[PDB]
>>> print(open('my_file.pdb').read())   # PDB, C-alpha atoms
ATOM      1  CA  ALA Z   3      -6.613-101.616 -33.948
ATOM      2  CA  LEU Z   4      -6.987 -99.093 -36.823
ATOM      3  CA  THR Z   5      -4.548 -96.174 -37.026
ATOM      4  CA  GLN Z   6      -5.328 -92.974 -38.930
ATOM      5  CA  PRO Z   7      -3.298 -89.751 -38.916
ATOM      6  CA  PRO Z   8      -4.680 -86.894 -36.803
ATOM      7  CA  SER Z   9      -4.686 -84.108 -39.407
ATOM      8  CA  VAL Z  10      -4.177 -83.386 -43.115
ATOM      9  CA  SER Z  11      -4.136 -79.988 -44.852
ATOM     10  CA  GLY Z  12      -4.724 -79.036 -48.477
ATOM     11  CA  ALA Z  13      -5.583 -76.141 -50.776
ATOM     12  CA  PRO Z  14      -8.942 -75.999 -52.604
ATOM     13  CA  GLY Z  15      -8.859 -78.339 -55.578
ATOM     14  CA  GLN Z  16      -5.654 -80.161 -54.651
ATOM     15  CA  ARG Z  17      -5.596 -83.913 -53.984
ATOM     16  CA  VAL Z  18      -5.035 -85.338 -50.500
ATOM     17  CA  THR Z  19      -4.631 -88.857 -49.097
ATOM     18  CA  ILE Z  20      -5.853 -90.300 -45.797
ATOM     19  CA  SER Z  21      -4.309 -93.569 -44.631
ATOM     20  CA  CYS Z  22      -6.068 -96.336 -42.714
ATOM     21  CA  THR Z  23      -3.293 -98.524 -41.297
ATOM     22  CA  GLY Z  24      -4.543-101.880 -40.053
ATOM     23  CA  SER Z  25      -3.296-105.180 -38.679
ATOM     24  CA  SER Z  26      -3.560-108.733 -40.020
ATOM     25  CA  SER Z  27      -6.618-109.419 -37.827
ATOM     26  CA  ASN Z  28      -8.800-106.764 -39.498
ATOM     27  CA  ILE Z  29      -7.771-105.766 -43.044
ATOM     28  CA  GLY Z  30      -5.243-108.572 -43.442
ATOM     29  CA  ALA Z  31      -8.138-111.002 -43.281
ATOM     30  CA  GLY Z  32     -10.712-110.944 -46.062
ATOM     31  CA  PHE Z  33     -12.632-108.076 -44.428
ATOM     32  CA  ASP Z  34     -13.517-104.939 -46.381
ATOM     33  CA  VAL Z  35     -12.850-101.347 -45.276
ATOM     34  CA  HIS Z  36     -15.429 -98.544 -45.496
ATOM     35  CA  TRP Z  37     -15.243 -94.808 -44.865
ATOM     36  CA  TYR Z  38     -17.531 -92.263 -43.197
ATOM     37  CA  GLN Z  39     -17.684 -88.455 -43.360
ATOM     38  CA  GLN Z  40     -18.718 -86.476 -40.274
ATOM     39  CA  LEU Z  41     -19.324 -82.769 -40.882
ATOM     40  CA  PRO Z  42     -19.409 -80.462 -37.822
ATOM     41  CA  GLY Z  43     -22.287 -81.353 -35.522
ATOM     42  CA  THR Z  44     -23.778 -83.531 -38.216
ATOM     43  CA  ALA Z  45     -23.754 -87.309 -37.885
ATOM     44  CA  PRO Z  46     -21.554 -89.383 -40.219
ATOM     45  CA  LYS Z  47     -22.782 -89.961 -43.768
ATOM     46  CA  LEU Z  48     -21.817 -93.179 -45.467
ATOM     47  CA  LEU Z  49     -18.861 -92.666 -47.818
ATOM     48  CA  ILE Z  50     -16.806 -95.271 -49.733
ATOM     49  CA  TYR Z  51     -17.978 -98.849 -48.999
ATOM     50  CA  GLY Z  52     -16.459-102.116 -50.196
ATOM     51  CA  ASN Z  53     -13.052-100.323 -50.299
ATOM     52  CA  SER Z  54     -13.788 -98.585 -53.608
ATOM     53  CA  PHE Z  55     -17.569 -98.264 -54.089
ATOM     54  CA  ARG Z  56     -19.400 -95.047 -53.291
ATOM     55  CA  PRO Z  57     -23.163 -94.767 -52.635
ATOM     56  CA  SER Z  58     -25.604 -92.498 -54.441
ATOM     57  CA  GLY Z  59     -24.874 -88.785 -54.289
ATOM     58  CA  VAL Z  60     -21.162 -89.145 -53.467
ATOM     59  CA  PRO Z  61     -18.890 -87.339 -55.964
ATOM     60  CA  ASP Z  62     -16.099 -88.920 -57.978
ATOM     61  CA  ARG Z  63     -13.746 -86.676 -55.962
ATOM     62  CA  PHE Z  64     -13.820 -89.251 -53.164
ATOM     63  CA  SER Z  65     -12.044 -92.434 -54.244
ATOM     64  CA  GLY Z  66     -11.227 -95.375 -51.985
ATOM     65  CA  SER Z  67      -8.702 -98.181 -52.296
ATOM     66  CA  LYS Z  68      -7.195-100.992 -50.235
ATOM     67  CA  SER Z  69      -3.812-102.709 -50.371
ATOM     68  CA  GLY Z  70      -2.702-105.587 -48.162
ATOM     69  CA  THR Z  71      -3.073-104.507 -44.520
ATOM     70  CA  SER Z  72      -3.881-100.826 -45.183
ATOM     71  CA  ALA Z  73      -6.532 -98.766 -46.939
ATOM     72  CA  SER Z  74      -6.545 -95.280 -48.376
ATOM     73  CA  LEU Z  75      -9.052 -92.542 -49.121
ATOM     74  CA  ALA Z  76      -8.371 -89.870 -51.750
ATOM     75  CA  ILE Z  77     -10.031 -86.451 -52.086
ATOM     76  CA  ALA Z  78      -9.475 -84.456 -55.286
ATOM     77  CA  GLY Z  79     -11.221 -81.146 -55.842
ATOM     78  CA  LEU Z  80     -11.348 -79.889 -52.277
ATOM     79  CA  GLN Z  81     -14.239 -77.595 -51.374
ATOM     80  CA  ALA Z  82     -15.507 -76.037 -48.158
ATOM     81  CA  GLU Z  83     -18.246 -78.663 -47.920
ATOM     82  CA  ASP Z  84     -15.440 -81.266 -47.635
ATOM     83  CA  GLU Z  85     -13.877 -79.917 -44.420
ATOM     84  CA  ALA Z  86     -14.917 -82.563 -41.869
ATOM     85  CA  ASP Z  87     -13.731 -85.540 -39.816
ATOM     86  CA  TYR Z  88     -13.246 -88.812 -41.691
ATOM     87  CA  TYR Z  89     -13.312 -92.311 -40.212
ATOM     88  CA  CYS Z  90     -12.363 -95.672 -41.694
ATOM     89  CA  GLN Z  91     -14.189 -98.743 -40.443
ATOM     90  CA  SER Z  92     -13.673-102.478 -40.921
ATOM     91  CA  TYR Z  93     -14.184-105.725 -38.984
ATOM     92  CA  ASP Z  94     -11.735-107.440 -36.629
ATOM     93  CA  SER Z  95     -11.762-111.191 -35.934
ATOM     94  CA  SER Z  96      -9.494-111.499 -32.875
ATOM     95  CA  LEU Z  97     -11.820-108.998 -31.140
ATOM     96  CA  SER Z  98     -14.976-110.458 -32.794
ATOM     97  CA  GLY Z  99     -16.594-107.210 -33.852
ATOM     98  CA  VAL Z 100     -16.421-104.176 -36.070
ATOM     99  CA  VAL Z 101     -13.825-101.474 -35.519
ATOM    100  CA  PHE Z 102     -13.523 -97.813 -36.459
ATOM    101  CA  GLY Z 103     -10.495 -95.568 -36.755
ATOM    102  CA  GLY Z 104      -9.337 -92.631 -34.697
ATOM    103  CA  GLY Z 105     -10.594 -90.194 -37.310
ATOM    104  CA  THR Z 106      -8.728 -87.684 -39.443
ATOM    105  CA  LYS Z 107      -9.383 -83.946 -39.255
ATOM    106  CA  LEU Z 108      -9.547 -82.612 -42.795
ATOM    107  CA  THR Z 109      -8.736 -78.900 -42.793
ATOM    108  CA  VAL Z 110      -9.277 -77.128 -46.097
ATOM    109  CA  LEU Z 111      -7.101 -74.028 -46.375
ATOM    110  CA  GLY Z 112      -8.169 -70.477 -47.156
ATOM    111  CA  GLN Z 113      -6.017 -68.959 -44.458
ATOM    112  CA  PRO Z 114      -2.313 -68.640 -43.610
ATOM    113  CA  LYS Z 115      -0.240 -71.409 -42.018
ATOM    114  CA  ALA Z 116       0.669 -69.916 -38.630
ATOM    115  CA  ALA Z 117       2.137 -72.088 -35.877
ATOM    116  CA  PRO Z 118       2.316 -71.795 -32.059
ATOM    117  CA  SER Z 119       3.125 -69.622 -29.982
ATOM    118  CA  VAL Z 120       3.474 -71.969 -27.004
ATOM    119  CA  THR Z 121       3.928 -70.512 -23.501
ATOM    120  CA  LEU Z 122       4.534 -72.820 -20.534
ATOM    121  CA  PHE Z 123       3.966 -72.039 -16.825
ATOM    122  CA  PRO Z 124       5.596 -74.142 -14.065
ATOM    123  CA  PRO Z 125       3.758 -75.030 -10.837
ATOM    124  CA  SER Z 126       3.192 -72.085  -8.522
ATOM    125  CA  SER Z 127       4.520 -72.017  -4.978
ATOM    126  CA  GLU Z 128       1.035 -71.566  -3.499
ATOM    127  CA  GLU Z 129      -0.108 -74.896  -4.928
ATOM    128  CA  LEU Z 130       3.090 -76.733  -4.000
ATOM    129  CA  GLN Z 131       2.164 -75.868  -0.383
ATOM    130  CA  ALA Z 132      -1.195 -77.610  -0.848
ATOM    131  CA  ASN Z 133       0.769 -80.725  -1.901
ATOM    132  CA  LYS Z 134      -0.065 -80.422  -5.591
ATOM    133  CA  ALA Z 135       1.689 -79.588  -8.852
ATOM    134  CA  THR Z 136       0.275 -78.831 -12.308
ATOM    135  CA  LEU Z 137       2.214 -77.476 -15.295
ATOM    136  CA  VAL Z 138       0.289 -75.382 -17.822
ATOM    137  CA  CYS Z 139       1.021 -75.465 -21.575
ATOM    138  CA  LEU Z 140      -0.737 -72.742 -23.589
ATOM    139  CA  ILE Z 141      -1.114 -72.665 -27.371
ATOM    140  CA  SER Z 142      -2.601 -69.827 -29.425
ATOM    141  CA  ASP Z 143      -2.497 -68.342 -32.932
ATOM    142  CA  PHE Z 144      -2.070 -71.422 -35.085
ATOM    143  CA  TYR Z 145      -3.695 -72.554 -38.356
ATOM    144  CA  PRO Z 146      -4.878 -75.132 -39.068
ATOM    145  CA  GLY Z 147      -6.390 -76.268 -35.767
ATOM    146  CA  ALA Z 148      -4.870 -79.679 -35.044
ATOM    147  CA  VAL Z 149      -1.785 -80.168 -32.875
ATOM    148  CA  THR Z 150      -0.122 -83.085 -31.088
ATOM    149  CA  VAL Z 151       1.428 -82.475 -27.671
ATOM    150  CA  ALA Z 152       3.975 -84.619 -25.837
ATOM    151  CA  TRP Z 153       5.444 -84.009 -22.379
ATOM    152  CA  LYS Z 154       8.975 -84.920 -21.308
ATOM    153  CA  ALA Z 155      11.015 -84.694 -18.109
ATOM    154  CA  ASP Z 156      14.272 -83.428 -19.670
ATOM    155  CA  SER Z 157      14.523 -86.708 -21.625
ATOM    156  CA  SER Z 158      11.599 -89.013 -21.092
ATOM    157  CA  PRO Z 159       7.929 -88.829 -22.149
ATOM    158  CA  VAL Z 160       5.103 -88.789 -19.595
ATOM    159  CA  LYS Z 161       2.040 -90.825 -20.574
ATOM    160  CA  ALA Z 162      -0.142 -90.184 -17.497
ATOM    161  CA  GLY Z 163      -1.264 -87.005 -15.773
ATOM    162  CA  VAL Z 164      -1.898 -85.227 -19.103
ATOM    163  CA  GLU Z 165      -5.212 -83.530 -19.905
ATOM    164  CA  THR Z 166      -5.356 -81.975 -23.380
ATOM    165  CA  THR Z 167      -8.051 -79.620 -24.623
ATOM    166  CA  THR Z 168      -9.902 -79.633 -27.922
ATOM    167  CA  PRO Z 169      -8.950 -76.728 -30.222
ATOM    168  CA  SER Z 170     -11.508 -74.009 -30.868
ATOM    169  CA  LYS Z 171     -11.885 -70.895 -33.000
ATOM    170  CA  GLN Z 172     -10.195 -67.793 -31.630
ATOM    171  CA  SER Z 173     -11.693 -64.345 -31.951
ATOM    172  CA  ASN Z 174      -8.722 -63.712 -34.412
ATOM    173  CA  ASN Z 175     -10.523 -66.557 -36.336
ATOM    174  CA  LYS Z 176      -7.431 -68.834 -35.610
ATOM    175  CA  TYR Z 177      -7.312 -71.755 -33.150
ATOM    176  CA  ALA Z 178      -6.360 -72.096 -29.459
ATOM    177  CA  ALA Z 179      -5.640 -75.055 -27.173
ATOM    178  CA  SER Z 180      -4.234 -75.747 -23.699
ATOM    179  CA  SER Z 181      -2.845 -78.862 -22.013
ATOM    180  CA  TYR Z 182      -2.236 -79.422 -18.286
ATOM    181  CA  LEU Z 183       0.078 -81.939 -16.586
ATOM    182  CA  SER Z 184      -0.564 -83.242 -13.053
ATOM    183  CA  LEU Z 185       2.448 -84.081 -10.876
ATOM    184  CA  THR Z 186       3.401 -84.738  -7.280
ATOM    185  CA  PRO Z 187       5.611 -81.994  -5.779
ATOM    186  CA  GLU Z 188       8.762 -84.082  -5.292
ATOM    187  CA  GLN Z 189       8.393 -85.519  -8.817
ATOM    188  CA  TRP Z 190       8.569 -81.896  -9.941
ATOM    189  CA  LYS Z 191      11.608 -81.269  -7.718
ATOM    190  CA  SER Z 192      13.362 -84.598  -8.437
ATOM    191  CA  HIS Z 193      14.035 -84.008 -12.135
ATOM    192  CA  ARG Z 194      16.363 -81.762 -14.099
ATOM    193  CA  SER Z 195      13.674 -80.069 -16.180
ATOM    194  CA  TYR Z 196      10.374 -80.536 -18.020
ATOM    195  CA  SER Z 197       9.333 -79.742 -21.583
ATOM    196  CA  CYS Z 198       5.929 -79.503 -23.289
ATOM    197  CA  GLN Z 199       6.578 -80.125 -26.986
ATOM    198  CA  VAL Z 200       3.798 -79.361 -29.469
ATOM    199  CA  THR Z 201       3.843 -80.592 -33.059
ATOM    200  CA  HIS Z 202       1.951 -78.639 -35.718
ATOM    201  CA  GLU Z 203       1.923 -80.093 -39.212
ATOM    202  CA  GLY Z 204       5.678 -80.226 -39.773
ATOM    203  CA  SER Z 205       7.146 -78.256 -36.882
ATOM    204  CA  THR Z 206       7.906 -79.118 -33.269
ATOM    205  CA  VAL Z 207       7.672 -76.133 -30.903
ATOM    206  CA  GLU Z 208       8.860 -76.801 -27.349
ATOM    207  CA  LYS Z 209       9.072 -74.947 -24.045
ATOM    208  CA  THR Z 210      11.052 -75.802 -20.921
ATOM    209  CA  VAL Z 211      10.813 -75.374 -17.135
ATOM    210  CA  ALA Z 212      13.201 -76.141 -14.261
ATOM    211  CA  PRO Z 213      12.625 -76.037 -10.483
ATOM    212  CA  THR Z 214      14.004 -73.014  -8.654
TER     213      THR Z 214
ATOM    214  CA  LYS J 160     -36.880-139.454 -48.273
ATOM    215  CA  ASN J 161     -38.309-138.985 -51.757
ATOM    216  CA  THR J 162     -41.864-140.169 -51.043
ATOM    217  CA  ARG J 163     -43.011-139.538 -54.646
ATOM    218  CA  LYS J 164     -43.092-141.382 -57.969
ATOM    219  CA  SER J 165     -41.013-139.022 -60.149
ATOM    220  CA  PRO J 166     -37.274-138.575 -59.456
ATOM    221  CA  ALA J 167     -36.335-135.723 -57.102
ATOM    222  CA  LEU J 168     -33.785-132.934 -57.670
ATOM    223  CA  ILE J 169     -31.743-132.087 -54.561
ATOM    224  CA  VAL J 170     -29.623-128.923 -54.676
ATOM    225  CA  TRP J 171     -27.261-127.581 -52.026
ATOM    226  CA  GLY J 172     -24.430-125.089 -51.769
ATOM    227  CA  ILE J 173     -20.946-124.585 -50.370
ATOM    228  CA  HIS J 174     -19.814-121.235 -48.922
ATOM    229  CA  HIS J 175     -16.281-120.202 -49.878
ATOM    230  CA  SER J 176     -15.371-117.523 -47.328
ATOM    231  CA  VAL J 177     -12.891-114.761 -48.117
ATOM    232  CA  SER J 178     -10.311-115.918 -45.578
ATOM    233  CA  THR J 179      -9.553-118.598 -43.021
ATOM    234  CA  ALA J 180     -10.660-115.994 -40.445
ATOM    235  CA  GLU J 181     -14.116-115.242 -41.862
ATOM    236  CA  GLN J 182     -14.863-118.971 -41.956
ATOM    237  CA  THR J 183     -14.136-119.140 -38.210
ATOM    238  CA  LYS J 184     -16.310-116.029 -37.781
ATOM    239  CA  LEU J 185     -19.344-117.662 -39.430
ATOM    240  CA  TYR J 186     -19.003-121.296 -38.390
ATOM    241  CA  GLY J 187     -16.110-121.412 -35.914
ATOM    242  CA  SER J 188     -12.548-122.688 -35.893
ATOM    243  CA  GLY J 189     -11.958-126.142 -37.308
ATOM    244  CA  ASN J 190     -12.030-127.747 -40.742
ATOM    245  CA  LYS J 191     -15.488-127.481 -42.313
ATOM    246  CA  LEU J 192     -16.828-130.496 -44.146
ATOM    247  CA  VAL J 193     -20.053-131.416 -45.958
ATOM    248  CA  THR J 194     -20.854-135.040 -46.836
ATOM    249  CA  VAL J 195     -23.654-135.945 -49.252
ATOM    250  CA  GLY J 196     -24.863-139.466 -49.945
ATOM    251  CA  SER J 197     -27.695-141.508 -51.438
ATOM    252  CA  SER J 198     -28.084-145.088 -52.700
ATOM    253  CA  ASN J 199     -25.982-144.272 -55.794
ATOM    254  CA  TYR J 200     -24.234-140.967 -54.869
ATOM    255  CA  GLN J 201     -21.126-140.698 -52.707
ATOM    256  CA  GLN J 202     -19.239-137.402 -52.519
ATOM    257  CA  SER J 203     -17.932-134.875 -50.014
ATOM    258  CA  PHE J 204     -17.249-131.153 -50.172
ATOM    259  CA  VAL J 205     -14.798-128.796 -48.475
ATOM    260  CA  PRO J 206     -14.796-124.993 -48.803
ATOM    261  CA  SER J 207     -11.819-123.213 -50.302
ATOM    262  CA  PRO J 208     -11.370-120.138 -48.086
ATOM    263  CA  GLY J 209      -8.910-117.669 -49.555
ATOM    264  CA  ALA J 210      -8.446-114.304 -51.200
ATOM    265  CA  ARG J 211     -10.316-113.395 -54.397
ATOM    266  CA  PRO J 212     -11.247-110.302 -56.401
TER     267      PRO J 212
ATOM    268  CA  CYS K  54     -21.427-160.602 -58.781
ATOM    269  CA  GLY K  55     -20.709-157.130 -60.100
ATOM    270  CA  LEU K  56     -17.907-156.694 -62.590
ATOM    271  CA  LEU K  57     -15.910-154.336 -60.347
ATOM    272  CA  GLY K  58     -16.393-156.732 -57.415
ATOM    273  CA  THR K  59     -14.126-159.184 -59.244
ATOM    274  CA  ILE K  60     -11.280-156.860 -58.176
ATOM    275  CA  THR K  61     -12.237-156.168 -54.541
ATOM    276  CA  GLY K  62     -13.895-159.528 -53.909
ATOM    277  CA  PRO K  63     -17.124-159.304 -51.933
ATOM    278  CA  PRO K  64     -18.698-162.693 -51.090
ATOM    279  CA  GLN K  65     -20.900-162.872 -54.205
ATOM    280  CA  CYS K  66     -17.740-162.521 -56.309
ATOM    281  CA  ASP K  67     -15.641-165.266 -54.677
ATOM    282  CA  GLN K  68     -16.310-167.530 -57.670
ATOM    283  CA  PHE K  69     -14.932-164.980 -60.156
ATOM    284  CA  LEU K  70     -11.774-163.735 -58.428
ATOM    285  CA  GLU K  71      -9.593-165.012 -61.271
ATOM    286  CA  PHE K  72     -12.157-165.520 -63.991
ATOM    287  CA  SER K  73     -11.178-165.793 -67.643
ATOM    288  CA  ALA K  74     -13.529-165.249 -70.565
ATOM    289  CA  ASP K  75     -13.978-164.031 -74.125
ATOM    290  CA  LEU K  76     -17.573-162.862 -73.482
ATOM    291  CA  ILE K  77     -18.425-161.230 -70.136
ATOM    292  CA  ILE K  78     -22.154-161.095 -69.320
ATOM    293  CA  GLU K  79     -23.373-158.549 -66.736
ATOM    294  CA  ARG K  80     -26.720-158.731 -64.943
ATOM    295  CA  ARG K  81     -28.951-156.148 -63.297
ATOM    296  CA  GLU K  82     -28.654-157.925 -59.913
ATOM    297  CA  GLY K  83     -24.873-157.444 -59.778
ATOM    298  CA  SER K  84     -23.441-155.730 -56.707
ATOM    299  CA  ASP K  85     -19.879-154.401 -56.945
ATOM    300  CA  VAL K  86     -19.681-153.961 -53.141
ATOM    301  CA  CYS K  87     -20.571-155.591 -49.841
ATOM    302  CA  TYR K  88     -19.378-152.847 -47.526
ATOM    303  CA  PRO K  89     -20.941-149.768 -49.195
ATOM    304  CA  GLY K  90     -18.845-147.524 -51.411
ATOM    305  CA  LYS K  91     -18.052-146.711 -55.011
ATOM    306  CA  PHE K  92     -15.098-146.606 -57.403
ATOM    307  CA  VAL K  93     -13.833-143.329 -58.800
ATOM    308  CA  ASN K  94     -14.051-143.262 -62.607
ATOM    309  CA  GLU K  95     -15.995-146.491 -62.267
ATOM    310  CA  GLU K  96     -17.306-146.600 -65.814
ATOM    311  CA  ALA K  97     -13.798-146.187 -67.225
ATOM    312  CA  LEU K  98     -12.535-149.160 -65.218
ATOM    313  CA  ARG K  99     -15.669-151.037 -66.319
ATOM    314  CA  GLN K 100     -14.864-150.389 -69.991
ATOM    315  CA  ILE K 101     -11.312-151.575 -69.230
ATOM    316  CA  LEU K 102     -12.413-154.833 -67.612
ATOM    317  CA  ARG K 103     -14.995-155.557 -70.315
ATOM    318  CA  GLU K 104     -12.226-155.894 -72.937
ATOM    319  CA  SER K 105      -9.863-157.568 -70.429
ATOM    320  CA  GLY K 106     -10.343-161.265 -71.219
TER     321      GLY K 106
END
>>> encode(input="my_file.pdb", output="structure tokens")
Amino acid sequence: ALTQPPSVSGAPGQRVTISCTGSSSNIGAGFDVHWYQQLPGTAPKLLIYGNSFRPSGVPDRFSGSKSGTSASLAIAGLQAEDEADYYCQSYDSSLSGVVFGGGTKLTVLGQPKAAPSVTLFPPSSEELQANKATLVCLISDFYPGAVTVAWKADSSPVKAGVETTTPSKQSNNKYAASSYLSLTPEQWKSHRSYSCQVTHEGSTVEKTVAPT
Amino acid sequence: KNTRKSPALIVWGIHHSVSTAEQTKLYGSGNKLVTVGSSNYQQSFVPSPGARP
Amino acid sequence: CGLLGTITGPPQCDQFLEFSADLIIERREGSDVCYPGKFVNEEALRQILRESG
């Protein structure tokens, strides 16, 4: 039960904040919150411990704090060596064990701020015959590389049936990601329309499909 | 039992946890209570679990 | 009879429950209690009862 945002941007040198939202069973109790930095492929290094203390060889740039039921990490003086995933970690009593966060993808800039570029394909007839249905949501040419998809059937979100891919570097050095939705054929037919909405940092980009 | 001829010096401690939850983590739910007593000493100790700096 | 036992009244102190004196003489063999225990701020109450008459 520790909630961190998915992504945060930032230009070299600017200051950025990462939030570690917790409940009363983990940070609300007397338990301390630590942070960990995971560079690509590398294993996590210990970062801020004891909510504000940093171990040897950690710059002043990284500064931790904690307030009530949440914690916060602060990075000032962004460099390329800082682009990584960051995790907060504390202890929970109602679960009787330690707990980590979801992680936050720190993207340092140095590129434009392009967005998707979503294209959505509805189920093909040939697969409806085989008693199957799968909608295909494609995303290309976006920077930085961290999106958040959400599927709807003309009003209502769909929690199950969704498989979402990890972004990866394009040849055009940008990022690319796809997400597929699995449906039964009559579920596809017995609805007005469907929509794959994709949120990049501050923009929702949505497509739409209707049975014909 | 102080089996010797000089007087003995007995020293113990009380653990003040950071919260009512950490105390249940270490020792379990319930009120924690230490009772010390000799032929002339009669006291009792209770931890004070709560927030601190 | 211990001096504090003149208040609580263990058996040894039955004869002093309502004593009256100008000079109160304590002994080493005094026992303020029969069921074990001890008074809080016992020396203060002792100093009170010594000048009590």
>>> resolve_selection(input="my_file.pdb", expression="the PyMOL selection byres ((chain J and resi 185-192) around 9)", output="count of residues only")
13
>>> resolve_selection(input="my_file.pdb", expression="the PyMOL selection byres ((chain K and resi 87-91) around 10)", output="PyMOL selection string")
(chain J and resi 198-202) or (chain K and resi 57-58+61-66+84-86+92-95)
>>> residues_around(input="my_file.pdb", residues="residue K:56", least_positions_apart="2", cutoff="8 Å", atoms="all atoms listed in the file", output="number ranges by chain")
K: 54, 58-60, 79, 83, 85, 99, 102
>>> resolve_selection(input="my_file.pdb", expression="the PyMOL selection byres ((chain K and resi 76) around 10)", output="PyMOL selection string")
chain K and resi 73-75+77-79+103-106
>>> atom_distance(input="my_file.pdb", atom1="atom CA of residue Z:165", atom2="atom CA of residue Z:4")
23.1 Å
>>> interface_residues(input="my_file.pdb", of="chain Z", to="chain J", cutoff="8 Å", atoms="only C-alpha atoms", output="PyMOL selection string")
chain Z and resi 31-33+95+98
>>> atom_distance(input="my_file.pdb", atom1="atom CA of residue Z:100", atom2="atom CA of residue Z:29")
11.2 Å
>>> residues_around(input="my_file.pdb", residues="stretch 122-128 of chain Z", least_positions_apart="3", cutoff="8 Å", atoms="all atoms listed in the file", output="compact mmCIF listing (two decimals) with C-alpha atoms, in the frame of the given file")
# COMPACT_ATOMS: atom_id res chain seq x y z
CA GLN Z 131 2.16 -75.87 -0.38
CA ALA Z 132 -1.20 -77.61 -0.85
CA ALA Z 135 1.69 -79.59 -8.85
CA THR Z 136 0.28 -78.83 -12.31
CA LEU Z 137 2.21 -77.48 -15.30
CA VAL Z 138 0.29 -75.38 -17.82
CA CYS Z 139 1.02 -75.46 -21.58
CA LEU Z 140 -0.74 -72.74 -23.59
CA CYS Z 198 5.93 -79.50 -23.29
CA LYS Z 209 9.07 -74.95 -24.04
CA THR Z 210 11.05 -75.80 -20.92
CA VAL Z 211 10.81 -75.37 -17.14
CA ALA Z 212 13.20 -76.14 -14.26
>>> atom_distance(input="my_file.pdb", atom1="atom CA of residue Z:22", atom2="atom CA of residue Z:51")
13.7 Å
>>> residues_near_point(input="my_file.pdb", point="(-3.0, -66.0, -33.4)", cutoff="7 Å", atoms="all atoms listed in the file", output="short mmCIF file (atom, residue, chain, number, x, y, z; two decimals) with C-alpha atoms, keeping the file's coordinate frame")
data_model
loop_
_atom_site.label_atom_id
_atom_site.label_comp_id
_atom_site.auth_asym_id
_atom_site.auth_seq_id
_atom_site.Cartn_x
_atom_site.Cartn_y
_atom_site.Cartn_z
CA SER Z 142 -2.60 -69.83 -29.42
CA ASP Z 143 -2.50 -68.34 -32.93
CA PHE Z 144 -2.07 -71.42 -35.08
CA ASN Z 174 -8.72 -63.71 -34.41
CA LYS Z 176 -7.43 -68.83 -35.61
#
>>> axis_aligned_box(input="my_file.pdb", around="stretch 187-191 of chain J", padding_each_side="5 Å", output="JSON")
{"center_x": -14.0, "center_y": -124.6, "center_z": -39.1, "size_x": 14.2, "size_y": 16.3, "size_z": 16.4}
>>> residues_around(input="my_file.pdb", residues="residue Z:75", least_positions_apart="3", cutoff="6 Å", atoms="all atoms listed in the file", output="JSON, numbers by chain")
{"Z": [19, 20, 65, 66]}
>>> residues_around(input="my_file.pdb", residues="residue Z:57", least_positions_apart="4", cutoff="12 Å", atoms="only C-alpha atoms", output="ChimeraX atom specification")
/Z:36-38,47-53,61-62,64-66
>>> write_last_selection(input="my_file.pdb", atoms="C-alpha atoms", output="PDB file, keeping the file's coordinate frame")
ATOM      1  CA  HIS Z  36     -15.429 -98.544 -45.496  1.00  0.00           C
ATOM      2  CA  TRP Z  37     -15.243 -94.808 -44.865  1.00  0.00           C
ATOM      3  CA  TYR Z  38     -17.531 -92.263 -43.197  1.00  0.00           C
ATOM      4  CA  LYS Z  47     -22.782 -89.961 -43.768  1.00  0.00           C
ATOM      5  CA  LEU Z  48     -21.817 -93.179 -45.467  1.00  0.00           C
ATOM      6  CA  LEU Z  49     -18.861 -92.666 -47.818  1.00  0.00           C
ATOM      7  CA  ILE Z  50     -16.806 -95.271 -49.733  1.00  0.00           C
ATOM      8  CA  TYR Z  51     -17.978 -98.849 -48.999  1.00  0.00           C
ATOM      9  CA  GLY Z  52     -16.459-102.116 -50.196  1.00  0.00           C
ATOM     10  CA  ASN Z  53     -13.052-100.323 -50.299  1.00  0.00           C
ATOM     11  CA  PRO Z  61     -18.890 -87.339 -55.964  1.00  0.00           C
ATOM     12  CA  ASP Z  62     -16.099 -88.920 -57.978  1.00  0.00           C
ATOM     13  CA  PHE Z  64     -13.820 -89.251 -53.164  1.00  0.00           C
ATOM     14  CA  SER Z  65     -12.044 -92.434 -54.244  1.00  0.00           C
ATOM     15  CA  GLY Z  66     -11.227 -95.375 -51.985  1.00  0.00           C
TER      16      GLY Z  66
END
>>> closest_residue(input="my_file.pdb", among="Z:199, Z:192, Z:69, Z:5", to="residue Z:150", atoms="only C-alpha atoms")
Z:199
>>> residues_around(input="my_file.pdb", residues="residue Z:23", least_positions_apart="3", cutoff="12 Å", atoms="all atoms listed in the file", output="ChimeraX atom specification")
/Z:3-7,20,26-30,35,68-75,89-92,102-105
>>> closest_residue(input="my_file.pdb", among="J:172, J:212, J:166, J:196", to="chain K", atoms="only C-alpha atoms")
J:196
